[PDB]
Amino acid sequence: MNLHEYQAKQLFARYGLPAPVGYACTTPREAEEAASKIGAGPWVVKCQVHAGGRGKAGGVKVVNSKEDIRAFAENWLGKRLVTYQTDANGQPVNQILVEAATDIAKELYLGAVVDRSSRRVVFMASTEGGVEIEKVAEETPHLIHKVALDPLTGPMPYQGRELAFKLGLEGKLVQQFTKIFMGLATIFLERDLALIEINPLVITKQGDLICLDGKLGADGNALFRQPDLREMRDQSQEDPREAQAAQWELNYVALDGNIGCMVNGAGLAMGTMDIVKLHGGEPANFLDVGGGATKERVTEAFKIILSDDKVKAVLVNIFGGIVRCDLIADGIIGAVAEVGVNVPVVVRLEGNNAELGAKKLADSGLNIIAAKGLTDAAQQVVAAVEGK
């Protein structure tokens, strides 16, 4: 799960890492009042949304008057910010971070992720701050420096120094950088982060390192032991259907298309989406039933998939699971009736009572086709959205 920039900075402060003086404000009045608590302008006002690219979307401004701060908060609070990293619906802005302006001398990049190839937390740094780090990796790989945290020893100062010297830092900036590495590495491990990105990690004109931005991602699998992080979840930043699906033990991810997909299995779900795509279809979503495709659960699945108006058909692909194919069919039938599923539904059942479940579907009289195999199921859902 993602954290807001202001929350990332609070965490940094809690670990003695440096970030600008700032306040997260929920009302224009709070935002304007923060100006004086911060001091002499100008002030940086930033919409707090999980997505990046806020700057290019107008969500980050340097203003010099309390009236400008207020105008900005008024403009954004309760409005959705669309950036190149959100869908066209954007993310709601419920907090404006008002912080002190920072005199930037140089912009660096410092970040960390779990590198799956080397199976290590890898920190990476670059003199190329203020740029999409991927861009820099593409073009100037030789400018990206990395160190892998050794699980046996924990992060070591020499690794922080190594990056600091590759970045050509010198003097107090080396110790400051080392300190930042050790703290971010420590936070990474103690808080079970999946990702850290300080872009930019700034060298100020006054000669100090400061985290100008912060993007933290927590390992959701570890939230059971990160109570602080757990409370920081901002559900407004994501499609609310995902959390709805999750509390129903469904993994849902909204896509662009019009063919809803309800499948048990993440791999099967993606493969089903791909096969629908392969047969001229446009998957509207990823929905992995995982949990026992019970009647209640399948019903929720339909409710969630159908909350998207673009959905013109629903392909249900169930291979195995804990429920027998005929019980799954009874639930798909109950779901279609009780949800008032007004779209055609194509079902591919495999496992015990597969044909009997198919028969039950065919005999319900509801617009539910029991397909014969996967290719067939794909062609039929594809054909079922023709014209719609």
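The first residue of the shown sequence is 1; numbering continues from there. Take the two forms, superpose them, and find the largest set of C-alpha atoms that agree within 1.5 Å; that set is the rigid core.
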Core-fitted, the stretch whose Cα atoms sit farther from this form in 6 other deposited structures of this protein, 144 to 152 versus 286 to 294, is 286 to 294
115 to 123 or 253 to 261, the stretch lying farther from the shown form in 6 other deposited structures of this protein by root mean square CA distance over structures and residues, after core fitting, is 253 to 261
Tell me which of 273 to 281 and 112 to 120 has the higher mean C-alpha B-factor in the deposited entry. 273 to 281
Looking only at C-alpha temperature factors in the entry, 228 to 236 or 83 to 91, the higher average sits in 83 to 91
Looking at the C-alpha B-factor values in the deposited entry, which of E197, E132, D150, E162 comes out highest? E132
Selection from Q175, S307, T204, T127 [criterion: highest C-alpha temperature factor in the record]: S307
Within-chain third of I187 by Cα B-factor, per the entry: lowest
By the entry's values, the third containing the CA B factor of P157 is the lowest
Which third, lowest, middle or highest, does the CA B-factor of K106 fall in along this chain? middle
Would you check the entry's CA temperature factor for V45 and let me know if it's in the chain's lowest, middle or highest third? lowest
Can you work out whether the C-alpha temperature factor of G292 puts it in the lowest, middle or highest third of the chain? highest
